[PDB]
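Colleague: Got a structure for you, questions after.
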Amino acid sequence: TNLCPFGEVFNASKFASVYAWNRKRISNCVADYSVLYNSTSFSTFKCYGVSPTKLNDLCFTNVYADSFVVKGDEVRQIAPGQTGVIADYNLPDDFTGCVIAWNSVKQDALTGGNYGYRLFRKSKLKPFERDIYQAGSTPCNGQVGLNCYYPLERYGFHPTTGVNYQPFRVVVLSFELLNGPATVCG
Amino acid sequence: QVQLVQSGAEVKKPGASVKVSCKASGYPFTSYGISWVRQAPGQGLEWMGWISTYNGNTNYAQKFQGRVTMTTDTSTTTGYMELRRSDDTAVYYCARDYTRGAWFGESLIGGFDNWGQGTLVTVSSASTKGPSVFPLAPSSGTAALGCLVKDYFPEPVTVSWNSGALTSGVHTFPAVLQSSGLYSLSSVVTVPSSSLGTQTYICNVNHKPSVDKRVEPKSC
Amino acid sequence: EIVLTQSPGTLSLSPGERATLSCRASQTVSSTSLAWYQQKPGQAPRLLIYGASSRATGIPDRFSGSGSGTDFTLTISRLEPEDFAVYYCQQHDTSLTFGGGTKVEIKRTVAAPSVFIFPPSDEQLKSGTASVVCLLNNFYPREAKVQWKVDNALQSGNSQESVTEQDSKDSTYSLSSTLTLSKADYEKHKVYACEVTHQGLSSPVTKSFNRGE
Ligand SMILES: *[C@@H]1O[C@H](CO[C@@H]2O[C@@H](C)[C@@H](O)[C@@H](O)[C@@H]2O)[C@@H](O[C@@H]2O[C@H](CO)[C@@H](O)[C@H](O)[C@H]2NC(C)=O)[C@H](O)[C@H]1NC(C)=O
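Protein chains in written order, with our numbering: chain Z, -9 to 176; chain C, 8 to 227; chain Y, -14 to 198.
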């Protein structure tokens, strides 16, 4: 037996930006899906495409674990078929997998302001893509000036803000089931 | 309820290396990493390195870059530690790591939990020698007498009075490293001044890797 | 590196008081990569807090940690008899660095020591090495002044003092200063004395013996 490293994915000290999330291929292991189901340390925990309770006794070829940080009210944009700043710029309607989001004020928001999303893009992001801005006729040559600006506003996170204005860490469980050999079930 | 058990105390000379085993039982051995911390006597904790039980990658401390070697066996759930001096005489601890991750290698939310008992490693060019017990006698309402253990190596020694009957007032002092190179230790006890003339006090000294001494009142 | 500086080095509070142990970093450590460790004397380190605020499984409620940025604090709300140990702070933001430690000592009313000096035995003198022992019995606090006077000459160096741990009976220490001298060097002087100055002594206590008497 060789347990899957879901502990170090959910318990990673520092995550990445929403525009630069880290896809994490997890395979060749055994996943105890009951840990995620019965932790109670998760603000939001929902999905479709697979039975959440009976997901334990099913295996797939590989497991993909997205990981990024968004605001409290922006957790709605991490669902299939959603419109928003994060959804359209930073999951397909046939997504089979679960999205797990929890509160991370004490770890991403500091008293002085850690300040460690993408606001502008000509084309909306196609599913499972990740992008790492001309707003007029003026073809700016690389100077962030008139009608041209940086496409990245840094997040502002402090413990003083409200529930939906606070940082949230999101892990998306993306199960793929290609015709290869499945290797991850408990 | 996981426990980590290390190897017994092993002493060396300032030559070759010492190796410490560390077997764990109670958690998936390949799910959590192992870390090592060194603590010299009378000092604090000094970190040594880190190892991954899944991939085998090692993150040694800056001091031991080129000296320490760490390996783990996936089968016996045992982690090994080898340091290729008298400056390194310390107690080597073995602990379960939750700060670097076993599979990937990223910093985690945690510390070190379920430490081992610590393997006592002493490096000195000395050799085993018996305790040179000498009695300290009282003279002119509480008296005092003791036994001086000198020129003995290595530690420890168990000292009791009247074969353990005298449990009050006995104070065994911590050993001190003599500048010559050997260990020295003392042990005293407080007794009433009226019982000096009608009682027998004898110290018991037990140096394991190698004595009764009467202490009569001094007259001169 | 990121250096963890703890202060004070030794803390003294009576059982029942509130303890506020602080850990200071030479840089800005992430609020997640900082752990507190408790080590009872003669035992293994025990994890108290991880993430600078989250306690390990089984750790009681009185151990609450806080802090952010460069200043961090571990607070023991109600000191207990088993809580008197040496505590450390450890950060893994940049490699790994421990702290110097912060020993938590039991505070007690000042106790006057009992001072005894033992001349080297006749058997020990026959071997060529003569060791004199100066003993302090049941004194608090730990601070004591030990000076060796041999024919009024203040001995420096060869004196070897050993301090016990705070006794579990009355929370009080003991001291043993060993003076190492050869057979011939012990024969060249007549008055051997160790001067002891403790807070509980109104005047410094000198216990002296004349060789051969
Ligand atoms: C993520 O970590 C939490 C807690 O992490 C700590 O470090 C772990 C290595 C372990 O020692 C825990 O006990 C520590 O509290 C994990 O949640 C714990 O899970 C155990 C069961 O394995 C349970 O007994 C504890 O009560 C839990 N503690 C808390 C605070 O929830 C969790 O399993 C880790 N992995 C994830 C979330 O995927």
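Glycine is no exception: its CB is placed at the ideal position from the N, C-alpha and C atoms.
Check whether the Cβ atoms of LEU(-11) (chain Y) and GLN76 (chain Y) sit closer than 8 Å, and answer yes or no.
Modeller: Yes, the Cβ-Cβ distance between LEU(-11) (chain Y) and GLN76 (chain Y) is below 8 Å.
Colleague: Of all the CB atoms in chain C, is at least one closer than 8 Å to the CB of residue 184 (chain Z)?
Modeller: This structure gives no information on residue 184 (chain Z), because the portion of chain Z shown stretches from -9 to 176.
Colleague: Measuring only between beta-carbons, confirm whether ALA55 (chain Z) sits less than 8 Å from chain C.
Modeller: No, no contact with chain C.
Colleague: Does the segment 79 to 98 of chain C come close enough to the segment 47 to 60 of chain C to have 3 or more Cβ pairs within less than 8 Å?
Modeller: The answer is yes - the segment 47 to 60 of chain C touches the segment 79 to 98 of chain C, with three or more Cβ pairs under 8 Å.
Colleague: Within this structure, are the beta carbons of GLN132 (chain Y) and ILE91 (chain Y) separated by less than 8 Å?
Modeller: Going by C-beta atoms, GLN132 (chain Y) is not nearer than 8 Å to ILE91 (chain Y).
Colleague: What whole-angstrom Cβ distance do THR114 (chain Y) and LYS168 (chain Y) have, given they're in contact under 8 Å?
Modeller: Rounded, the Cβ-Cβ distance is 7 Å, consistent with contact.
Colleague: Measure the Cβ-Cβ separation of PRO157 (chain Z) and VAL59 (chain Z) and say whether it is below 8 Å.
Modeller: It is a contact, given that the beta carbons lie within the stated cut-off.
Colleague: Given the structure, does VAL25 (chain Z) come close to ligand 1, in the sense that its CB is under 7 Å from one of the ligand's heavy atoms?
Modeller: Indeed, a heavy atom of ligand 1 lies less than 7 Å from the Cβ.
Colleague: Can we say the segment 18 to 33 of chain C touches the segment 158 to 172 of chain Z, given the rule of at least three CB pairs closer than 8 Å?
Modeller: Not touching, per the Cβ criterion.
Colleague: Terminal residues of the continuous beta strand (DSSP E) containing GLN72 (chain C)?
Modeller: Where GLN72 (chain C) is concerned, there is no enclosing beta strand (DSSP E), given that its DSSP letter is neither H nor E.
Colleague: What residues match up with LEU192 (chain C) in a beta bridge as DSSP calls it?
Modeller: C:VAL156.
Colleague: If you count every other CB in all the chains shown that lies within 10 Å of the CB of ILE122 (chain Z), and 16 or more means buried, which is it?
Modeller: Exposed: under 16 other Cβ atoms inside 10 Å.
Colleague: Exposed or buried, what is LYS130 (chain Y) when buried is set at 16 or more other beta-carbons lying within 10 Å of its beta-carbon?
Modeller: The residue in question, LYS130 (chain Y), is exposed, as its Cβ has fewer than 16 Cβ neighbours within 10 Å.
Colleague: Please report how far the alpha carbon of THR126 (chain C) lies from the alpha carbon of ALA37 (chain Y), in whole angstroms.
Modeller: Computed Cα separation, rounded: 29 Å.
Colleague: Could you name the residues of the segment 103 to 137 of chain C whose beta carbon sits closer than 9 Å to any beta carbon of chain Y, in the order they occur along the chain?
Modeller: Within the segment 103 to 137 of chain C, the residues whose Cβ lies closer than 9 Å to some Cβ of chain Y are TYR105, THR106, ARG107, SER114, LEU115, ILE116, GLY117, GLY118, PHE119, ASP120, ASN121, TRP122, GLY123, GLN124 and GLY125, listed in chain order.
Colleague: For the segment 54 to 140 of chain Y, which segments carrying the beta strand (DSSP E) assignment without a break, of at least 3 residues, lie completely within its bounds, in sequence order?
Modeller: As far as the segment 54 to 140 of chain Y is concerned, its whole beta strand (DSSP E) runs of at least 3 residues are 56 to 61, 71 to 76, 87 to 91, 99 to 103, 114 to 124, 129 to 135 and 138 to 140.
Colleague: May I ask you to verify whether the segment 73 to 92 of chain C touches the segment -11 to 4 of chain Y, counting CB pairs closer than 8 Å and requiring at least 3?
Modeller: The segment 73 to 92 of chain C vs the segment -11 to 4 of chain Y: no contact.
Colleague: DSSP on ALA169 (chain Y), reduced to helix/strand/coil?
Modeller: In this structure, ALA169 (chain Y) counts as helix in the three-state DSSP scheme.
Colleague: When you compare only the Cα positions, how much space is there between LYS70 (chain C) and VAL89 (chain Y)?
Modeller: About 29 Å.
Colleague: Give me the DSSP bridge partner(s) of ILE209 (chain C).
Modeller: Its beta-bridge partners are C:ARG221.
Colleague: Quick one: does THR163 (chain Y) have its CB under 8 Å from some CB of chain C?
Modeller: Chain C, which has a Cβ nearer than 8 Å to the Cβ of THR163 (chain Y), makes this yes.
Colleague: Looking at the secondary structure, which residues open and close the beta strand (DSSP E) in which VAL59 (chain Z) lies?
Modeller: Taken as a continuous stretch (DSSP letters only), the beta strand (DSSP E) holding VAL59 (chain Z) covers 52 to 61.
Colleague: So, at 6 Å on beta carbons, what are the nonlocal neighbours of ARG103 (chain C) in its own chain, with the 5 sequence-adjacent residues on each side left out?
Modeller: Hits under 6 Å: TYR39, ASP120 and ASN121.
Colleague: Between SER31 (chain Z) and ligand 1, is the CB less than 7 Å from at least one heavy atom?
Modeller: Yes.
Colleague: Just curious, the beta strand (DSSP E) that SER144 (chain Y) is in, first and last residue?
Modeller: Looking at the DSSP string, the run of the beta strand (DSSP E) that includes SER144 (chain Y) is 144 to 148.
Colleague: Check each residue of the segment 49 to 65 of chain C: if its Cβ is closer than 8 Å to any Cβ of chain Y, include it; give the result in chain order.
Modeller: Per Cβ criterion, the list reads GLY51, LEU52, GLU53, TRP54 and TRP57.
Colleague: Are the C-beta of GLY50 (chain Y) and some C-beta of chain D separated by less than 8 Å?
Modeller: You won't find chain D in this structure, because its protein chains are Z, C and Y.
Colleague: Measure the C-alpha to C-alpha separation of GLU198 (chain Y) and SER201 (chain C) and round it to an integer number of angstroms.
Modeller: Whole-angstrom Cα-Cα distance: 22 Å.
Colleague: Any Cβ of chain Y within less than 8 Å of the Cβ of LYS114 (chain Z)?
Modeller: Not one chain Y Cβ lies under 8 Å of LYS114 (chain Z).
Colleague: Thinking just about the alpha-carbon of each residue, which of Y:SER187, Y:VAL117 and Y:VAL14 is nearest to the one in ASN195 (chain Y)?
Modeller: The shortest Cα separation from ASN195 (chain Y) among Y:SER187, Y:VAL117 and Y:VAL14 belongs to Y:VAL117.
Colleague: Closer than 9 Å between beta carbons: that is the criterion. Which residues of the segment 16 to 50 of chain C meet it against chain Z?
Modeller: Per Cβ criterion, the list reads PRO35, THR37, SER38 and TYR39.
Colleague: Please report the residue range of the beta strand (DSSP E) in which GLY(-6) (chain Y) lies.
Modeller: Unbroken run through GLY(-6) (chain Y): none, as it is neither H nor E.
Colleague: CA-CA distance, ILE16 (chain Z) and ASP56 (chain Z)?
Modeller: So the two alpha carbons sit approximately 11 Å from each other.
Colleague: Using Cβ-Cβ distances below 9 Å, what residues of the segment 11 to 24 of chain Y are close to chain C?
Modeller: Within the segment 11 to 24 of chain Y, the residues whose Cβ lies closer than 9 Å to some Cβ of chain C are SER15, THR17, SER18, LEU19, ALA20, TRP21, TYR22 and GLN24, listed in chain order.
Colleague: Consider the C-beta atom of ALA4 (chain Y) and the heavy atoms of ligand 1; say whether any pair is separated by less than 7 Å.
Modeller: No, the Cβ of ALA4 (chain Y) stays beyond 7 Å of every heavy atom of ligand 1.
Colleague: Got a sec? Which residues, its chain only, sit under 7 Å from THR79 (chain Y) by beta carbon, not counting five neighbours each side?
Modeller: Same-chain partners within the cutoff: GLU(-14) and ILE(-13).
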